[PDB]
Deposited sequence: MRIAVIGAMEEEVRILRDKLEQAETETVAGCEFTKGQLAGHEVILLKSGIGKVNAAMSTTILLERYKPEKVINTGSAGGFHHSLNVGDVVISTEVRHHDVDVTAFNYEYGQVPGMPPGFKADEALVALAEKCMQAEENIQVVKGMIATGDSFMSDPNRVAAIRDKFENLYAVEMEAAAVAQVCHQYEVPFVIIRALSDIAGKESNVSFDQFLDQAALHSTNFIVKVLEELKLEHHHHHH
């Protein structure tokens, strides 16, 4: 009934240990752990990294498990100047930052036949809000780790006030969009995109998993 999707082992292991009556099964190399948490039937999925992994894995989830709602968790790169490593971000909206079909007058980041961005579920956002350092804002995804400052600068000028950046959210949202399943992204910051990113990431990935997981647990507890 409720799905939580994380890319890496560190981002899911915390939740997986809290699950009870855990029954794990692998499909196309993707781990699906199914159990009980906060009186919910929770389908935990390790999606792997990147758009295609997330899209494939999210599709398998929606085909086989049919969850009513979907939450995407894990680390992300800080983009807005107010935010620090450790901070949690709830998705208001999700976009691709590396999509460019502007040669056919789709606005930057817009996949053809898709809306320019994917709005997260109002009910889930409202709920997350009550449990709110946690912030609410736009998350954009690309198939790259944003460690290059130039790449980060190139993205700044394309969106209104991007909060965080990562590599799965938009794939998750876009799939959910077409299946018409409510979604929300809840991730924590492992680093600041473009600033010593990968050294910071290795240092604070476990922290990001922890903060993200704990907020999700309280949202579940509250849902």
{"property": "Gaps in the model (deposited sequence, numbered from 1)", "result": "1, 134 to 139, 231 to 239"}
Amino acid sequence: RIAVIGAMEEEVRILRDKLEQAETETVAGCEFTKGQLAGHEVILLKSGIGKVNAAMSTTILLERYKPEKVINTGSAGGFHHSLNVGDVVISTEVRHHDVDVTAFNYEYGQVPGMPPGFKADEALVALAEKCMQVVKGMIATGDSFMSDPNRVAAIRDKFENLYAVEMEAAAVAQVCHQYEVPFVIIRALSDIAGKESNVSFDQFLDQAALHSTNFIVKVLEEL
From here on, numbers count along this sequence of modelled residues.
property	result
Mean C-alpha temperature factor, higher of 120 to 128 and 107 to 115	120 to 128
Which of 165 to 173 and 36 to 44 has higher mean CA B factor, as the PDB entry lists it	36 to 44
Out of 82, 72, 141, 102, residue topping the C-alpha B-factor column of the entry	82
Chain third (lowest, middle, highest) by recorded CA B-factor, residue given as residue 90	middle
Third of the chain's Cα B-factor distribution that residue 219 belongs to, per the entry	highest
Residue 195 CA temperature factor, ranked by third within the chain	highest
